[PDB]
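Inspection log for the structure reproduced underneath, given as C-alpha cells.
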Amino acid sequence: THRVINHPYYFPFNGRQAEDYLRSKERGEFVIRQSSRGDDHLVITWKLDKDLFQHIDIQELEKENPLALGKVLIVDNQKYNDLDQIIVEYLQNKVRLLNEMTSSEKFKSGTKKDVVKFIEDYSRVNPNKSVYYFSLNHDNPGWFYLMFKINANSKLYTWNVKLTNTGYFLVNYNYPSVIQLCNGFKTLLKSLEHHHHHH
C-alpha cells in the first residue's frame, strides 16, 4: 500500500478516456484510478471484449485514523488482505474463464431480435425436439442469459445467470464447470418434462 496512488498500473484519465485507451490495447487490461467524490474509495476499470467495458469500485476498511491505511480491501463481496493478490486472483481467473466461455462453441452473440429468429428458425427445423443456448447480454454486462425452446408450439423461456469469481451461478446453483452447466440444464429439462419434480 502507500503506493497504490503511484502504482505502475496507476494512470490518470477520465472514464471515457480510460475505455478509449484500452480500446487500442488487448483484452484483460486494467487500470487504477481515484475518484474525487470518493476520497476514501478507489475505482478500477477493465475491458471485457469488443465494445464492452465495466468498472468496479474498491472500498477500503479498517481505517483507524486519517494517517492509517486500509489493511482490508473489499472486492467482489470478498475480503482481500493485499492489493497484489486482488489483481492476480481476479485477472487470472477472469481472463481464463472469460476466454474459456467465449471460446466455447456454445457461444453466439445474437441480438434480441436475432435471438427470436434464431431460436424460431432452429425450432422450425426441430419442432419435435427441444433446444437450449446462451449468449452475452448487453443490458447487463458480465451476466449471461439462458434461452431454450421445447417445441414450435411451446412458449419461449428465458432464464438469468449470475457470474461469480468461483464459476457460474445459475438460480442459486454453482456450476464449477461449463460442461456440468450444460447438462445441469438438460437434467432440469428432463425433470421438467415429467413434472415429477422430486418424486
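Remarks
- Candidate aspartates and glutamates - alpha carbon under 17 Å from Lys113, same-chain residues fewer than 8 apart omitted: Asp121, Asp139
- Calculated FRET efficiency, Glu62 to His194, Cβ-Cβ distance, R0 = 41 Å: about 0.20 to the nearest 0.05.
- In terms of its Cα atoms, the stretch 73-128 spans 54, 20, 19 Å along the principal axes, sorted from long to short.
- Remark on the chain: hydrodynamic radius 19.7 angstrom, per the Kirkwood mean of 1/r across alpha carbon pairs.
- Close amide H contacts of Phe144 (hydrogens built in the peptide plane, cut-off under 5 Å, sequence separation of 5 or more or a different chain): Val161, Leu163.
- Structure note, pairs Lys112/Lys186; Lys50/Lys149; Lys25/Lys50: Cα-Cα distances above 20 angstrom occur for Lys112/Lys186; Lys50/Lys149.
- Each residue, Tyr10 and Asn137, gets one label point 7 Å from its Cα in the Cβ direction; the gap between the two is 3.7 nm.
- Spherically averaged projected area of the stretch 1-99 from its Cα convex hull (nm²): 6.6
- Euclidean distance between Cα centres, the stretch 82-102 to the stretch 132-155, Å: 25
- In the chain, the DSSP-assigned H stretches of four residues or longer account for a calculated mean residue ellipticity at 222 nm of -10000 deg cm²/dmol, using -39500 (n - 2.57) per stretch and the full residue count as denominator.
Heads up, the Cβs are rebuilt from the backbone with ideal geometry, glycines too, and the neighbour counts pull from every protein chain shown. Computed from the coordinates by the stated procedures, all read-outs in this text should not be read as laboratory data.
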